[PDB]
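First comes the structure, then the notes that go with it.
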Amino acid sequence: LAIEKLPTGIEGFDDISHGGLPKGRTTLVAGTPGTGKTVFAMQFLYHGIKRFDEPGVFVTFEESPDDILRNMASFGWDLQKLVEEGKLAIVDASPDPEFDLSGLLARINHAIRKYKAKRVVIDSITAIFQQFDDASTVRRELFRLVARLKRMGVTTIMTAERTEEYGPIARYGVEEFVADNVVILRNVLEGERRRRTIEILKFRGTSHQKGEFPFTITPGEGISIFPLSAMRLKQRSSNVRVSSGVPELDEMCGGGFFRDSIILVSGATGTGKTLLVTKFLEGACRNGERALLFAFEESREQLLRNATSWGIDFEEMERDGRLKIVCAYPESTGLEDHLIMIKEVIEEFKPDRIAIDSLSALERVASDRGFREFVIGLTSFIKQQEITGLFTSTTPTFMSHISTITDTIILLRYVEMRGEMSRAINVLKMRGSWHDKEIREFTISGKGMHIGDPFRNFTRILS
Amino acid sequence: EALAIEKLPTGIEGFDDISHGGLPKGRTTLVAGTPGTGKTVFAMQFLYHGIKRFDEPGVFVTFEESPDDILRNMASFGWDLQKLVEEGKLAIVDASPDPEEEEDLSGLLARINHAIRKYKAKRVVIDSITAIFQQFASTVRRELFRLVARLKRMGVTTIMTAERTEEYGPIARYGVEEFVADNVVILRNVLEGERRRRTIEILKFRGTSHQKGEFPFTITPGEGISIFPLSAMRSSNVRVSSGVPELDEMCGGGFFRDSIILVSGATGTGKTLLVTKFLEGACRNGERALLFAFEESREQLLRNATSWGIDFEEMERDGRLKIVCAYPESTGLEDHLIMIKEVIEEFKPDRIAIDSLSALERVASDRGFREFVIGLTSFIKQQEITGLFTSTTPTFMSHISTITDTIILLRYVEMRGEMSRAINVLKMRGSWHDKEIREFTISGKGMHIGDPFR
Amino acid sequence: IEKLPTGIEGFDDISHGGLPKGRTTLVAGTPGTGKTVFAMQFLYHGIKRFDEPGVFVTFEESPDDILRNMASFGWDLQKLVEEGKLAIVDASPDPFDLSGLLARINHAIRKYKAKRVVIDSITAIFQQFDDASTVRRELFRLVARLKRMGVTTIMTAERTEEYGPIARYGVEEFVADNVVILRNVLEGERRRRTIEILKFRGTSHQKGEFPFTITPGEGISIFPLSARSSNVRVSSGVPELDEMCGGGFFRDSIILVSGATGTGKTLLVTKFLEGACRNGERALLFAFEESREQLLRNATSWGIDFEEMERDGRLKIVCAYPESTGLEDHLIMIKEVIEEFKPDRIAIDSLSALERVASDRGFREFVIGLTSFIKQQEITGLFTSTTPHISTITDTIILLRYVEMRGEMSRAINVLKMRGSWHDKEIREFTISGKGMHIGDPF
Amino acid sequence: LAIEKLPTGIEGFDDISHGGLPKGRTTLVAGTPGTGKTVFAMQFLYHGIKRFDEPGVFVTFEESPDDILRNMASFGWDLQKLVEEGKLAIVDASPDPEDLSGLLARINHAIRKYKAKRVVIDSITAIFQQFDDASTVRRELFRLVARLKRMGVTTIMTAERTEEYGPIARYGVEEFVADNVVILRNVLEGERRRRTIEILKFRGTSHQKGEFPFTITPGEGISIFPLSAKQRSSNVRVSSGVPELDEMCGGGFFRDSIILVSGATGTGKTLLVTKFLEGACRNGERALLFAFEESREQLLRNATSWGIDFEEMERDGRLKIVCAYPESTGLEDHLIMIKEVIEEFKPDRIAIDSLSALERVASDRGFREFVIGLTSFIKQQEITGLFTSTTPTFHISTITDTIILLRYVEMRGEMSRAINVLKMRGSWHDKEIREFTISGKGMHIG
Ligand SMILES: Nc1ncnc2c1ncn2[C@@H]1O[C@H](COP(=O)(O)OP(=O)(O)O)[C@@H](O)[C@H]1O
Ligand SMILES: Nc1ncnc2c1ncn2[C@@H]1O[C@H](COP(=O)(O)OP(=O)(O)O)[C@@H](O)[C@H]1O
Ligand SMILES: Nc1ncnc2c1ncn2[C@@H]1O[C@H](COP(=O)(O)OP(=O)(O)O)[C@@H](O)[C@H]1O
Ligand SMILES: Nc1ncnc2c1ncn2[C@@H]1O[C@H](COP(=O)(O)OP(=O)(O)O)[C@@H](O)[C@H]1O
Ligand SMILES: Nc1ncnc2c1ncn2[C@@H]1O[C@H](COP(=O)(O)OP(=O)(O)O)[C@@H](O)[C@H]1O
Ligand SMILES: Nc1ncnc2c1ncn2[C@@H]1O[C@H](COP(=O)(O)OP(=O)(O)O)[C@@H](O)[C@H]1O
Ligand SMILES: Nc1ncnc2c1ncn2[C@@H]1O[C@H](COP(=O)(O)OP(=O)(O)O)[C@@H](O)[C@H]1O
Ligand SMILES: [Mg+2]
Ligand SMILES: [Mg+2]
Ligand SMILES: [Mg+2]
Ligand SMILES: [Mg+2]
Ligand SMILES: [Mg+2]
Ligand SMILES: [Mg+2]
Ligand SMILES: [Mg+2]
Ligand SMILES: [Mg+2]
């Protein structure tokens, strides 16, 4: 058989939930203040109408209907229309400053029938315990509401507050009663930085993905969940070769970089990583293909000034409309946030080539787990969209395991030689091509890079 | 008495090994756990297996989920539900206030005693004893205390489920670990770095022996609860080929058909090439080959294989090759096994290949991985299949090593102005092998393993 | 939701505009965070920046004290009291008034026609009462009528622990719309002031903690460092090095001199600051290792004269200790002195000293924040770093090394990295004397 | 000895307790549910009535006398017969679904009736639950110990705990049943439980301080292992299974010796293990193999290849191969097992392949404890012990008597292997690094 589920509209949740929220049942959304219990509730009712024309009811035991509307309107949600259309109904159960319980419970049951709603929200189920001191009576009344909503065949979602993030499901023993489905939101503080996370603890009779998943409440978008579990090892590959910007490196790769590829350029500082990047993006704009560049080290001025000395004209291509130097700081937001910005501008720009510089900048202010998840998540999409990607990783050991993902590993190192700090290049991997296995000496000028001959008496330096 | 505490088996996979036979018969057992630990599933499976295998009718007393819901919830598992209920095989007694606007032994004792008598049951489940408290204290404890005695006299192997607040803390809510102090089974679902892991444990069995500690399990759909007792886990001179003939000579004839081979090295060394040759060997002779990729897409695998001179679509069309392809983060290792064991059972392969294990190491803890490789190597051995595992050495510039029969090792080597490669068969049980580190060249023909280094 | 610029440096950045206008915000924090000060800044800046009358109420302190406590900041608050820009309703218990005190508060708002308002310690009320009926009176008019009156309110509240509940007496339950958390985290034997906006129901904000500091002549100075490289070369101080660095250092460049002790890193800072003062340019030396005494003779022995640089007002030695405070506290003094000095060049000797007195992030945060300020100010910045990762943050890198040759430790210099220029890629011998550095031939 | 102690008969307690339980006073045996309070308490009575002819009385406030008889059966004591013989008396103080003052009188009479020298009150903590008088209960409990003291009986008074490393016992029974306190623990560490026993205090007498390991074996019960393990050594030599290595050692290994075979992967450590074992079975001796890496199938293939039939040896009862996973149990539970098999097969030689496999599933602390325990046990039992360790090339060193070092080494243009005896306490040893080869006839050193 199959437990039926109702798509939420919060794309990503439907993947994690394997369809949606069990229909005709109550789902408990628990979270500490600031998580996103209210927003999550409207999207459930918003898409409910703006897709399946399923009427919904919002019972607010806290914030005023007027404020609710104002708060939610910034997400581009015209709910005042749905109200006038008779799709949505906001029931004001918030007490006024200037039988109360049992009366409101029935005044709610009126709205569920009047609008004949299938997607109800009881916002702040905890706020009813912080209002009716007869909690014993409240609990008994809430148990009835759940059974009533069940008999009425409504897919309910009742929000609940928590005191601690990694502590109890919810307060006021609200874990029980509404205990068929339990979704937990969190906002954990770690390293003076916050991380919104969503978890589905239990689905009675249904299946779901198990664990926390990063989410974000984006303005003019809403709750955007991005499951790395959804990532499917089903990317496409081709034998079509692009250019690197350096014809010599293209010969060393046996024609050039494959279009459907991820290239790693490893090396110490001052080796010439942010050079092969410029040539990479330059090679695109030259052929008319659109390029990108997410800098996490140098400003546009510096990037352009560095590039102007090498013969690459950025401002031209930037204005011509074949380049988009994003440039930001790794410490500004978080990896989960950065990933969204990258993914956001990609679809907009529709780039032929992407280029991170560096990944090490990002790794610094993260975890070994967080960095992995980021790297694993970002590489996949690029390969899914068939966008050629170059990634820069510094070697703090001047003279992570991202190489497992990358198809091409280009190593740039320094080589001391008779009072002369020379430079060496080698292609370590090409995945699907013949590459030159030779450690060639190269030199940088205002002309670019000149990959020369091997060191012959090459002191075993590389690797 | 002179009655050694008999252990009635429950069928549920692993528990009967962990419980040294099964649940103590003629007694109650506490299946405690926080929300979503799989107590309801555990309880039903106990009953279900009862009525099917041992033909012992069972009664299910619910104090939360309505009978109709329970039937629908346990449906996807593929167990018969209404088929059994509509035959006096199973009985779901409801004690959850069906309505409200109402207000003991009236809604207990006899109701269950009747059910046991009516359906002639030998197994019973009391779902959520903790629910009684929320609904209806010292009186409730008395009734529940008498129920354990009544059920003992009636002679029924009972399971009494309860809830917990914390995973690593008090055994059960409302000190039910006193009313049903005798047999305790703990189910836990621990956070563990944003990655939930289910586990099962028998804290105590009064009068009998049991496997101590936490054992992992999974609540799969078409199956139910499956516990993996890595503890419980407990013959050929036929030499098979590798794909590379000179590597076979390095092994002294080839690989044994009943063996696990490890291939370790950094990226770009040529582990995937050896995999494509390993499988090609099977497809050539007319054997079957299964590949589990966790790193490269089905396309890229084929592309890079075609460049080496190895058509897989030919073999995949022949039905001698199958490629899985799945990111490790898709599910957990506990579920990954279940799937691997499924396609092996179905495809009935000769050679297997997991490329790579190192990709699966990132979606688990050390303990979780070690338990995984033990389970996979065991299954592969039990199914009489040659196996090749691959691992990336964090050596760009163990456990499997101890389990694997052959350890092949790939490495980069600088040759003065050139970056070369080298193969070495570090170990091979029950054969002479070439103990030298040797240069090899990758080409559009394959792997030309050549002269040794010094 | 509209926002009203607070006027607090850095908050309007993190708050993405300001505080939800016409809505109350909760400034929760433990004693000694800066709740009382933050509240005054709001009412203050507003009045001055845009005549928006405000009423401060105090259930704890008394106005005569409050005025004097905020006098150092340089806010003529008496004038506001007379002209009727600011008010101070003393609801502090006299060494009842459930409706009385609040009714008095409502009147003042109507009288002065206040747009801003502050309730200093909404917690105190609970302590300075009897029944928790205060909850009603707080979720009453206090908030509701404030919304009806259309005033942006700040309800200050106390907390017990830094990383615990949002408030003491479940004050959040009432003021549950917008919340701001101030903290004094301690950790180590130093203390860290950080500000976080946990919730702006309806609007967005920069998520997480952000460093802030109460300076005696400014107040809360939140630093949201989360928020034009020229081609004019300057002399390094040593001519051979200038040639090695392709004519000299870019004015918009971060130079990193790296090496052991005895290599000659402080020789190259002395030369660096010297070149500025020579050509009438300001130079500020941040000393973490050495002292005004050690430096003076160290320079004199090399043949530089800070004596006349002190007379000319060209050189400026701060000279402090890394363990005086955390890294957050350090940058302030330099950030301030820079404005007072207008430094063409500036140096930090050393950074390894500061790196020892904090965690990786603390250093990282300092590194990034330090580079920016001067980078966004047009001034050449040299950095000394002892070698027992600003290698990727720095533009130019100089590597000094001891080389053991023939049982006679020699000295060697090399420019490893320089963005935008050709650098000399030879490892040159150098000598030290009473004149300075003598960069010679390579090995 | 100041105060008199009564031997409990439990294996190990009498050692750690320096005699037994202080006689004429009550002892508290506290622990979380499933620690083994009841079993411990019964073995106390059982050995009393049997070995020492001291009658015992069991007072149960939880489990039914009938159940106790059934639960305590597999251990193999005829408790039912001895209840009839007038030695044992299980007082049913268990509550009925539908006054402690009188209940105490019932227990008091039983002691005087049977002339009990030993008494067990099971779960005092229960009493506080069953009867919610609190103060009234505490008083009667204080009167119980007072009365029991006068009649000169040695009492065990059990109590439940919540947390393992938390309070001594619930309901502060500590205050009443002070004087002597024993704590049983069952700690989950790495998804693996650890049974421990500790004498926190003995007022008046000495005892071994700290936790000690124990187990509950189905056919024996509580078996405590005083890790504090008084020996015998001689110039009696024994074979290694390889004649050249015997000559390298100086006429074979010493008998009572711990040998270590360290080396890289594929050197030949398991080979030496297989020969070491054969060296016993081929020279009329018994061998134990604790395999923590290879399965049976793998151990056989290696043996059959090198020309050794372990099956015959096992059929003739000369060899025992355990085969275990390091992750199955904890290392403390692993030793207990090893000791258990030794005290059954009574092996002349013992081999563990390998210690490095055990190190994976244990902390440095735990590994040391294991290595120390195993070494000390083999030497007190006077058995010849070999151990293998995987070393980088592809602390037992200090404790071991012999160190054989296998290594990869190039020579005449060939990557070959070599052996080197590094240590031999009480003998010359060839201090030369000799190359060797492996074949179907085992090792060949040359
Ligand atoms: N219009 C908006 N634009 C951006 N972020 C918003 C918007 N509205 C709310 N948020 C974010 O959502 C968070 C939680 O909002 P809400 O769901 O109302 O709170 P809670 O989950 O505590 O009930 C806020 O802290 C804020 O960061
Ligand atoms: N029919 C089903 N199909 C798949 N997974 C199921 C099914 N029923 C339950 N589960 C899984 O089992 C988990 C817990 O099951 P359940 O026994 O209801 O929990 P508990 O006993 O803790 O209340 C659910 O969160 C879900 O992941
Ligand atoms: N005009 C130039 N002439 C010669 N070399 C230059 C020139 N501009 C830059 N370089 C070289 O480029 C190096 C910096 O390369 P870049 O890719 O920016 O460094 P990174 O390896 O940190 O990414 C400098 O150290 C210098 O050797
Ligand atoms: N057609 C080809 N001709 C020559 N060399 C190739 C060809 N295809 C791949 N190679 C080389 O062989 C290597 C084998 O890569 P692969 O086996 O996928 O590495 P790994 O198993 O370590 O992930 C490639 O990285 C590349 O250097
Ligand atoms: N006039 C001042 N000059 C300098 N620092 C001040 C001044 N007033 C307050 N501070 C700083 O702020 C702290 C008190 O801040 P305040 O807002 O009064 O405390 P609270 O947040 O507990 O109400 C002092 O300990 C000091 O660090
Ligand atoms: N007859 C038996 N056979 C085997 N093991 C037993 C037997 N009786 C008890 N045990 C062991 O003792 C444990 C329970 O010990 P018990 O005496 O009940 O302790 P407590 O009273 O502190 O709960 C069981 O879980 C099991 O490990
Ligand atoms: N029949 C055989 N003939 C020759 N050499 C063999 C034979 N069987 C095994 N070997 C070699 O001996 C090795 C045995 O190593 P082993 O005893 O398992 O030690 P380790 O534990 O260090 O791997 C094998 O790896 C292989 O190189
Ligand atoms: Mg809400
Ligand atoms: Mg760079
Ligand atoms: Mg349940
Ligand atoms: Mg591979
Ligand atoms: Mg204050
Ligand atoms: Mg110095
Ligand atoms: Mg007991
Ligand atoms: Mg071995």
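Chains as they are written, first to last, in the working numbering: chain A, 5 to 467; chain B, 378 to 831; chain C, -1 to 441; chain D, 49 to 494. Every residue gets a Cβ at the ideal spot worked out from N, C-alpha and C, and that includes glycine.
Which of helix, strand or coil DSSP assigns to residue i
i        : result
A:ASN191 : strand
D:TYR162 : helix
C:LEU294 : helix
D:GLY327 : helix
D:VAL87  : helix
A:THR12  : coil
Residue i versus the options, residue with shortest Cα-Cα distance
i        : options                                   : result
A:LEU253 : A:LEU189, A:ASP18, A:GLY13 and A:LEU416   : A:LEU416
A:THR36  : A:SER449, A:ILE267 and A:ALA164           : A:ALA164
C:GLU59  : C:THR31, C:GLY30, C:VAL53 and C:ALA89     : C:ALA89
D:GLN177 : B:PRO386, B:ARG519, B:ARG583 and B:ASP688 : B:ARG519
C:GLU402 : C:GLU81, C:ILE64, C:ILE366 and C:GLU427   : C:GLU427
Alpha carbon of residue i to alpha carbon of residue j, nearest angstrom
i        : j        : result
D:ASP101 : D:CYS297 : 55 Å
A:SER467 : C:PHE361 : 30 Å
B:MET692 : B:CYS660 : 6 Å
C:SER389 : D:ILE467 : 48 Å
D:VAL77  : D:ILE216 : 10 Å
B:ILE721 : B:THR683 : 26 Å
Near-chain A residues of the region 760 to 774 of chain B - C-beta to any C-beta below 8 Å
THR769, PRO771, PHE773 and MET774
Inside the region 569 to 642 of chain B only - alpha helix (DSSP H) runs reaching at least 4 residues
622 to 628
Within the region 370 to 432 of chain A, note down every full alpha helix (DSSP H) run reaching 4 residues or more, in order along the chain.
372 to 388
At a Cβ cut of 8 Å, what residues of the region 233 to 253 of chain A count as close to chain B, listed as they run along the chain?
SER233, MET235, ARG236, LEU237, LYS238, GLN239, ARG240, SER241, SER242 and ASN243
For the region 452 to 473 of chain D, enumerate the residues whose C-beta is nearer than 8 Å to any C-beta of chain B, in chain order.
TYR456, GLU458, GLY461, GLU462, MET463, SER464 and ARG465
Which residue spans inside the region 134 to 185 of chain C form an unbroken beta strand (DSSP E) run of at least 3?
150 to 156 and 176 to 182
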